[PDB]
Amino acid sequence: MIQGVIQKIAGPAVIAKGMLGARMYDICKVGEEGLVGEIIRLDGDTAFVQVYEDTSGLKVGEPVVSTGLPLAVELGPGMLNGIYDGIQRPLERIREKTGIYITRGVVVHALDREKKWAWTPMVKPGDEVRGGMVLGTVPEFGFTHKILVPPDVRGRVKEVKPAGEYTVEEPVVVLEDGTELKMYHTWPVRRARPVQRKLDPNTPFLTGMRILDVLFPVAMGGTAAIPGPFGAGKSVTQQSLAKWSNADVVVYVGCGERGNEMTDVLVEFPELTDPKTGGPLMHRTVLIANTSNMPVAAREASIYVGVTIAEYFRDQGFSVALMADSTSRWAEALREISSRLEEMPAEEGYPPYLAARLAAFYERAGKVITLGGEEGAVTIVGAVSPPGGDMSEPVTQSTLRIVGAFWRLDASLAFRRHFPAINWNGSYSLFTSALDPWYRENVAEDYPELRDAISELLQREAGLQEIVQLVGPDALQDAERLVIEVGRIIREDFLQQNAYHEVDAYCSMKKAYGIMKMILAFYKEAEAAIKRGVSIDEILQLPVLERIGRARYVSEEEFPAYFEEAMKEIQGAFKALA
Amino acid sequence: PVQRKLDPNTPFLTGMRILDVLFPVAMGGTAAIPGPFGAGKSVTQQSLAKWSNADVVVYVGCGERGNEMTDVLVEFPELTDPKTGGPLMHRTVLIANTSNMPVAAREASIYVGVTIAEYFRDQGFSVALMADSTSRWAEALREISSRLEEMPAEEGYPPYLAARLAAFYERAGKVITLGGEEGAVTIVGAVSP
Amino acid sequence: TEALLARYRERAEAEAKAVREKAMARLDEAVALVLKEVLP
Amino acid sequence: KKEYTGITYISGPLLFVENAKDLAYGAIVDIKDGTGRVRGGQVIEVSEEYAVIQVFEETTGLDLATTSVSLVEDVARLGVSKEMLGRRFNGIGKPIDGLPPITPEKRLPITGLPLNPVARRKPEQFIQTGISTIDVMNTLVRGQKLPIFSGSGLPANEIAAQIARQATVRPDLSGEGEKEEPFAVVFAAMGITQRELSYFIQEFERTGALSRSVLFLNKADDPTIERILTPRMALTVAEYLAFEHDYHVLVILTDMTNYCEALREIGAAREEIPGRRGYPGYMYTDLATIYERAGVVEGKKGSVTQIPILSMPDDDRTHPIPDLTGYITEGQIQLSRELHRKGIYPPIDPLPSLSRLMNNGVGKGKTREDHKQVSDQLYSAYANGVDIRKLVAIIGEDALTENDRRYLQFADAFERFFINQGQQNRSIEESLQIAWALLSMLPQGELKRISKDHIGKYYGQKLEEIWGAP
Amino acid sequence: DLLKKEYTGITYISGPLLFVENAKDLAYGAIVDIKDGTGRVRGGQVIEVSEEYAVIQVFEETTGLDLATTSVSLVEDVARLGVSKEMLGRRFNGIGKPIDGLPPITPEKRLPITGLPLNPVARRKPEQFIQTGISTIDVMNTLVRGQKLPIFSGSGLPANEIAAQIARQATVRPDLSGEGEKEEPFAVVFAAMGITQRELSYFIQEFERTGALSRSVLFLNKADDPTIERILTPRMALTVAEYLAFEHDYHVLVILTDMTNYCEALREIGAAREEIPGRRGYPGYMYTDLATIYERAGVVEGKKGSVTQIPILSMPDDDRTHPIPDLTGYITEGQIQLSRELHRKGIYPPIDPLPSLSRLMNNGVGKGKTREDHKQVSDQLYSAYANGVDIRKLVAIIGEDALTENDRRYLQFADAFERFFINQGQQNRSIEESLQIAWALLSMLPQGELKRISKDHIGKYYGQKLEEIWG
Amino acid sequence: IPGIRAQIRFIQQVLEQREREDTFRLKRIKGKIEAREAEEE
Amino acid sequence: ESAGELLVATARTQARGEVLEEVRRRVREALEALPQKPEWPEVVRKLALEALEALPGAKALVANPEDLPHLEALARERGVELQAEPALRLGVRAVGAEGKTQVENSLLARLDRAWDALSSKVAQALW
């Protein structure tokens, strides 16, 4: 291999000389301890390596060995329950081998080499196989984990092992020409896995939150961004989507964020149950944890590992959801690397290729027909942490141009403890039109009209709030004050959602539809009463308003009876009160 | 060079009542005019070129839109000169640069125009120089300054923008030429904030 | 209607086949011309 | 084929090649590596010691030992033909529709030469976009550059596709009846996601608009240099068609914000000091070199009309990109978020919109004798309706005068019927009839901007075209 | 190992930097000793080493150095501090050298001051509630054991007084959690960076009067001391804290007196090295450097002890959007933000709850930990206070006479809240006292508007009056 | 209105000053890269 | 009622492209196996002379091992070493004086870099 020596050390950057023939973005073992590194710049006989670990104590002259391969991930059975670091090393193994502190240089396989998997063949000798075809199936936690051909491998099946217990290293399939196919294959993290074609995002992604699943839906293959200042509730929203989504597999990437939240996920999720499978929630979730006090260079690796694992699970026909806990941290890591490289920034310190990196990461999502012929989809929800809430910051502005949905958080609602604190005016979604047939078939034949009416009422309330800020709330006419009050009702008991309450945490589409129907029926009845001369303040004292407010705390199973009863109560209250 | 600069003691008659009466400009003075879209700025400039007492009119377009410049280029050959009855272009010099022409040409357009105006003044005539937009010229100057990597000063405009504007505007004034014959240059430099 | 579209696609494929057959005859002369032009 | 081995430096998009004096500045090179994979590159700086090559794609896998560089052409060239109609490209002239590559009649540089100012002529004839708020009040004239100012969530792409598959000329209105005049639409897509790409493909193929369309679709994950080149390719094809085959070409550029960001990133990559607001200081000149390629030419029957589409970063018109676009282009069409969130499509707001060449493209012998007066009256009446609708919130319905209530009704019906067009294709006569019906709500004689003769000729009709008899 | 090698040939001394050539065997991040011609020995750390020359940041000032006589010698490859249980009643300067007059600490171990990132799998969930005695903290922004709860301060705001009060009063409530045991007192590790004489004297006197000096490790960096010691001080203090907590089951409360000074020192080092800056000229890796300090707190599975961090930082001009408070909020779990307006009113502690936040609050309170109504009461208080603030904004336009009785009631709630709940003075309120005061305040509002509280809690607690608690 | 105008112009001045500082630092780093590439050869 | 344009255009374009691709494949397979023709030494001599002319300074020429004994006149005239590589079938690799710059005149490269100009004439001659 290409072997050199350390020439200069400066933080997470080590320059090694004598590395002629080494390729860009290859993996190098820097130092005597074999720290993981990546070549990011070639200059003559010298190579610029970013160390994925800590460089403290390194001495100039230590050997640097280039492995000749780019950063790669082991894709196979054994990932669905474990937590991984930025370069996909099992944190349980690291804890067992080192203790409560993560020490540099620990070498451990991403996939356990001792676990036995109940292999079950799906092909026969003499069969022609292409990339992405299914070689067999293995049960993992009830998921029929399919063993796949590497995407760029072609040949004819010669010998396949019979059904039984085998490890990942076991060559269950041996093609002609001597090609051996194991239970797992390695893939470069920077290459998007090929697909046959891209499909239209017809089905929606059910996050379980009323506001996100109703006003600003995101489709199954779509992408969303949730930017906001610290304390707004980005990570709580990410955890809520992880808990209550309808996605088969959830990949949570904690790029450069708190370790306490990773511990909270690791502890709570095993206790929580899968809404669809019924087993533990942890059996469907893969965590790539890169805490903020871990080396900066590992953040890009964390993002790429997460998205590559999501793509791999998509190749198995699953519906994957990928929540990145922060992309601004990835941008800051890139900025630190560029500062080491001594390059001229494009804007606010970030290298010019940051926009291209964000675009490439966000374009990996979408619903596709896999090379195996089945259907898979990946949804990416990217959290953005701007400096000071500045939404004009280049990361947020580059994200605004490539996402299909945009959930903006505002500090005003966060301070008021009004959660999910979604800035309705600053948010949008581009999937409303494409999801209409699904909403009609699965919710009600008039759901789009109901949602459009709700959005129109919110828009009218927002327009009238300008005059409210000028003349006060009581200076308006009865109709406009009724619009303001209905908007307040919507904000307080339809958009609000207690992410910690046991019942309010999840809300199916039909419950939100029922609440919207109740609110709009109340609005029509109150408008009729106002038009005939009934006072607005008299309307505001109706206990059926309290019923509408409490509607969100009713359980899903017993909700429809409450919905019918409350509709009857609305009709009776506004017929008796005229 | 000129023999001697003269005081602004004689009027530059534009032929329009409001400007010639309420806000007069001397023969050899400098005036500015911001042009909104529909405020008839082009018609006003046409009337200045057509009815003023200036012998020769010089029109300079720094960074005008293609169609706006085309309107001028098509309509001036049609306007007639009241002094003689023939076409107005027989006493007009046009320097036209669109936004897609080289930036250096757009920056040097006003200097070329004012040099031609001064040459015509040196023959004893009275010249009315009309910069179509000094903001476009200033934008071109800012582009050149950025290309040379100078300090942005305020709003990106180079710190010597005021110096260049003063140098351009000081070329206007009624003078006694080197030949002892009286002449003047009048500048109406439009601004587009 | 559907019949018109089917007739259009049938006639398009038929004339494409006719073009293919009529170019097959001159393929060899075209290849010879290309060979003699390219080779110095 | 000359091959220039001897790479001595690679960092991000840049690589240095030695002993490569023969490479012309700006030329395109083919970068090859050990695996045989070939990448794209552009020569951005050439000197005696070395040349600087900016790589299109990612530079992973490259190395100083096995990398090879070969020139393909001295100047960026595109092969154009009349057979390009009905095709799709990736923004650098390579077909992506699965059809075989075109046979180029001629190969032209993408950096087209500037039009001679005395060669041009006045834009005189209008283009029917099928949209009432654009055809009637913000008329688009052949040879105009009329950008569409959109927002983050506004449906700019849908309006672009609708205009693309609905735009047409009206030779019968001018009395020529020249259906012999061809029409073509050149679509330039810059930095679009897969969703927008699929939507554009489906919309262009569902109505047969592909038969007169050329598609230059550059994806968001494609190299930024391709994004920079895409408008150049599209405008080169448009210029060739219009000025060599008498075509009436309409060019749509989406989205100019993405183009400006790509220009920003590439300028920063070349170690250039940013100008105002962090954008390159020469952004104005580059945007001019793009936009000012549209127009009409004296002595030639062709025409190029541009409709740039740019999303304001924060719905802010002080941003450099919309500021420069307003500087260069003649007017703008502004999409409104409040209209959009009220369920109105296309969400075009007549009050901030403007067409600077509209007065020359409408009137007798072009559209109709009453077009300009109707448009002015509609603008004034809608402004009155909007302000009265804001006032009625505080003072109530009864306190207003009778004519104020009539203006309220006019504004409501205007937003309901004229602006909220939907997916219709309205000729100018239909839009004018709807406008006259809407103005009939106001009392006769209050219509001050319109002459009495036109009022006598057209006033009196009622609203039945939109509802009751579509 | 223990033999002395001296690297002469200094080639550059400017600001805090120092270049030494032919020092290719100096490990990166190693601690060196700089000896001048007068025999004085300074401190130094290698920040960039190459085969040509190494760059050493000097801890002390560079006055008196000379290129001809100055000598550089290695001390150890990794910055390590001797730690032991004996240092419980000791003071040290910014570099761990004793300044109390007692003999040097006999080190049981020498640990790297840079620490190591805690394994997330080895972390526990912080669940032990701490009754700080402050109502704005106990009820609305609850502080749990092992939490990072920075106090956002101002120029004149009494953040040091609040921190001293917390350190004097903070204790857990074993009975409410069901443990029913006596608990050891907190061990306070006090790190001071750029601390002035007034602040240091006040802290020393407070800890003397409360008697915590016998169990408090102090690292003092005076305001006139060299600013490069401020880089080492928090890392040394947190290393001592981690050692105590995770090797002797101590419950450590860490107070970082001023993180703004640490950020200033980091900016100085970055500018001396011409590092690419982020916003306001601060270096790009400031977020990572502050993370490596903050993320060292928490609880570890299987370990009795814990590390609780209460950093104190002064926002420059009360600008919460400044890079220092922004990064701290992004790293830590919430913040306790002091309000200047409340301080001007004489309300102490001036903690305005709206910008305050505690992310680990839900893990520490609720049924079986403090009380069943705690979270609901907190949410109701937050909503009602926000409504009162909005109504104050409305009064600032339309006047008090134009309001309805509902807005007047909310305004009365808001000002009584500020005058009674927030304003407590130097008293030590139990959690029950804070909750009963909160319910008394909520009793001012109509019972039907408590939309964030279940009817059970309302029926059980609504009705009390402020005058009934104290006359 | 006058107060909001003053606030707007103050914010604009602060942002322009920050942009000028960024441009100056970019000039410094470009010049120093050129210098350190020249003398080191 | 306008999809007939797309249909007929697609059919004609597919026929044209298939015909041109067949032209590609036939000319490619005919140009192959040049050494089997007895006139190959002359054309490869022309290839070598033009390759060395393109380079101001030639170090060595690399070709097929069986094609080496046919390129000795120019080797003796210019002093370039003959090198054997089976991979360079039907072509001569010209190496510059320093080795950084190098020229290849492989026949496939000839066809690839000529077809772009040739296609305009080929289409008109064929149809």
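The letters A, B, C, D, E, F and G name the chains in turn, as written, and every chain counts its residues from 1.
Convention: contacts are C-beta pairs under 8 Å (C-beta built on N, C-alpha and C of every residue); 3 or more make two chains touch, one makes a residue touch a chain.
Centrality by C-alpha centroid: the chain sitting nearest the overall protein C-alpha mean is A. Averaged C-alpha coordinates give centres for subunit A and subunit G that are 51 Å from one another.
Computed from the mean C-alpha positions, the centre of subunit A lies at a distance of 32 Å from the centre of subunit E.
Rounded to whole angstrom units, the spacing between the C-alpha centres of subunit B and subunit F is 35.
Centre-to-centre, using mean CA coordinates, subunit D is 43 Å away from subunit G. Residue positions of subunit E touching 2 or more other chains, listed in rising order: 276-277. Contact with two or more other chains is made by residues 344-345, 348, 471 of subunit A.
Touching of two or more other chains is recorded for residues 3, 10, 14, 16, 18 of subunit G. Contacting chain pairs in the structure are A-D, A-E, A-F, B-D, B-F, C-G, D-F, D-G, E-F. If you check the complex, the residues on subunit A that touch subunit D are 20-25, 40-44, 48, 70, 188, 190, 198, 200-201, 221-223, 341, 343-348, 351-353, 355-356, 359-360, 362-363, 366, 391-392, 397-398, 400-402, 404, 406, 428-430, 452, 455-456, 458-459, 463-464, 467, 471, 475-477, 480. Those residues of subunit A that touch subunit F in the shared complex are 342, 344-345, 348. For subunit D in complex with subunit G, the touching residues are 1-6, 18-20, 79, 83, 85-86, 99-101, 103-105, 205, 207-208, 210-211. Of all residues in subunit E, only 24-30, 47-51, 77-78, 112, 114, 116-126, 246, 275-279, 284-285, 287-288, 291-292, 294-296, 298, 300, 303, 320-323, 326, 329-331, 333-335, 354-355, 357, 359-360, 362-363, 375, 379, 382-383, 386, 394, 397-398, 402, 404, 448, 451 touch subunit A in the complex they form. Note for the complex: subunit D touches subunit F at residues 271, 273-274, 276-278.
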